[PDB]
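In structure tokens, one chain follows: the form deposited in one PDB entry.
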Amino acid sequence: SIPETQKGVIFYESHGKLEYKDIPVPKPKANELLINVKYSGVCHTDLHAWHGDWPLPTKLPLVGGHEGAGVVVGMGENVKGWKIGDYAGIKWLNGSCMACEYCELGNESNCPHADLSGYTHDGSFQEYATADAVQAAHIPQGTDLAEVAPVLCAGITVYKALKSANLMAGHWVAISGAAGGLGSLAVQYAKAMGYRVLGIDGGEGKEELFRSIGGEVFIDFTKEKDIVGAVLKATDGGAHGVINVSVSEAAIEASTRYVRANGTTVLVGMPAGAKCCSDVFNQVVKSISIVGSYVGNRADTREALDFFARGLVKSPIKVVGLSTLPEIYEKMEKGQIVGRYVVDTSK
């Protein structure tokens, strides 16, 4: 069954050369399932890990990818509630200690001892990958793993973000970057949660996707000179909560100025060396909160996958081969990425 080797996209140096090579099969640990990753979404976090954009250092050599979805071909001796052949998902947060004050409060992502799939752990860009059994996702039997894969890191993330904005049904939510991997899922989640979804994006075929997936008001950031004025006029005073899934520091800076008094500006995107320089006078006078949202926890994964299972969200995926993966980064560095890309580990 479980082979001796496999294929995988591995790079031995930051910003180096991606190698679609042959790598050994990862033996599962005492509590880590061995999942035959069928499909795996490509997240911009993988591009950041390749470029080395973040202060934390990656593990080298690295096989990226933190949105794996596959079958449990193997399991460690100590795993509790899993069966071989079941569907499971390798999220960004591979595992935690489950014993510090962060994992006790449900904030498992903010843990000092967190294994990050594809950053400090062999990710999901490989045929077989290992992932903890208490943190992996309980993908229901019968789903289409290709469609599920983008939900595992871009779905739970924007779900947790919109839950962190402290919005109510009917409150304007302005997805800043609402045509990308997270922007489109953010729009679908915010539409399913009852909010009124404004969107801010630009490029070729961004407005078409945004309108199709169920947005309300789209504001082109490459054709509107004053974005703040446009959002203040469209939302009648500002968005009640902004989600910054963009990769532009200027977008984040302009995001704290079109949110209402008593609003909330969730920071989800983490561009390279970006600082949210919000004016203190305007932030205090308007009581604007600027929350930061990291990947969702286990309850958030359950609720996001439950939104998916109901058919409310559907990430627009381009399924390609694994070998094409380097070009995707180029297509993602230029910004020409619409929706999400998923890689099939088979090819």
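C-alpha atoms forming the largest set that superposes within 1.5 Å between two forms make up the rigid core. The numbering used is simple: start at 1 and walk along the sequence shown.
One more form of this protein exists, namely the form deposited in another entry; it is left out here, but the text below deals with it.
Taking 2 Å as the criterion, residue 207 counts as shifted between this form and the one not shown: its C-alpha moves by at least this amount when the rigid core is aligned. Here residue 140 does not count as shifted, since its C-alpha moves by less than 2 Å between this form and the one not shown after the core is aligned. Annotation: Cα of residue 87 displaced by less than 2 Å between this form and the one not shown, core superposition.
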